[PDB]
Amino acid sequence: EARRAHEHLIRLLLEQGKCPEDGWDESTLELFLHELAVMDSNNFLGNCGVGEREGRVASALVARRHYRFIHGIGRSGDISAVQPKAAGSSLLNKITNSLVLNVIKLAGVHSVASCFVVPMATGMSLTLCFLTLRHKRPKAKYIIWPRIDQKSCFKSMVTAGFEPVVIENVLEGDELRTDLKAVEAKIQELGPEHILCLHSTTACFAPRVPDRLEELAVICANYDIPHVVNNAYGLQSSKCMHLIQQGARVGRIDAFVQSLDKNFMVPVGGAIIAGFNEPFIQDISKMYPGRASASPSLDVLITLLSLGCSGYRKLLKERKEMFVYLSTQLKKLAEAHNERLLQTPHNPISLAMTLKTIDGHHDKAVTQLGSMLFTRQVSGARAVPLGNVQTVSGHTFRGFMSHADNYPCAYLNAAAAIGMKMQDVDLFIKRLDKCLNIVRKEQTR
């Protein structure tokens, strides 16, 4: 029978909480979602509501677009608690968290113990980790942070009410890498007890590379200092994930956070907080005040059930292939223009070519190139000039955008992130070739 076949897949999902190997048909998925929504009290035929939060909906467009899931996730006192007024939404949350734990394993952190989706972006999710740690370490005021010029993760420390201690990176060839000795020197200077945590970063803009997590995990273990990893867009990278797995095996990592949109191709606004100590990850979840949106969870649930394990693995494989293609094409273009691809082997996602030939003419040509690319409908390229000075949440960054005060040259940043197509690379190369030719003609003529 037809219905029994659909029921079989749903039962499989419910029993073991795992991603199906092959993606579900839309028919099975929508049957499932409708069944779940039926379980929420706001959708009961015989329901009457006499409270202030009854999940009433004014607009049919709003009700339909959310599959009639209105109550959000959690209870008033606990985002992790089953909501008796919303049994279907509760199940939705539970299954989604289980699917995500599974995917974290698949992606390369096979020892992850606990995780939960939180409907806040990565910056605010990092903030939530810091807020949790306040209560564990009431003497702490500082967060030690190897520099990365990204405003959200920087602001996350300030928003939490802590003082970032910015550790400058070491130039090693073309790469900017973790200054482990500076990290330790700051721990000793300020005192371990006064450090809330070390806040490290994996996926990042080239020529920075993922932090030396193994060595940082050892430092944190030895000094008894929490270690929080900003894995914003590292889940899509087996290299980044293995770094986290290794870190956890050789030392201390207390939490790692990743963006839903950047790793699962869904709207901005959700993140996953994960870790190796279940009580601690639970403590972070319990720190969340109030109910929360179910919308990011629904998105990732729809996405993972539709892809299956095989679909997601395929996307990860294709990203690695696109990285190789992007790198080859960009090196070819760069060398044709008397530039070079910066040697950034430790960065698995992000690449950079030099812009030495247009820089140094005192005409803002690097910044102009970024503008020209943007007007030609290239998005996500970063034209990084030298000498930017910017103050962000109380800290003045010299060489802002380059993750160092004195990076040797201007460069252009491109990346092969999940869901990239050959057309993205090909149009980019074609448009970049044209823009470079235009700038050089202007500077020459």
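We number the residues from 1 along the sequence you see.
- For the two regions 71 to 79 and 88 to 96, the entry's Cα B-factors average higher over 71 to 79.
- Between 354 to 362 and 234 to 242, it is 354 to 362 that carries the larger average Cα temperature factor according to the deposited entry.
- Taking only the listed residues 227, 212, 155, 139, the entry reports the highest CA temperature factor at 139.
- Per the PDB record, residue ranking by Cα B-factor puts residue 46 in the highest third of the chain.
- Per the PDB record, residue ranking by Cα B-factor puts residue 26 in the highest third of the chain.
- When the CA B factors of the chain's modelled residues are split into thirds, the value for residue 333 lands in the highest one.
- Per-chain ranking of the deposited C-alpha B factor places residue 190 in the middle third.
- In the deposited entry, the Cα temperature factor of residue 58 sits in the bottom third of values across the chain's modelled residues.
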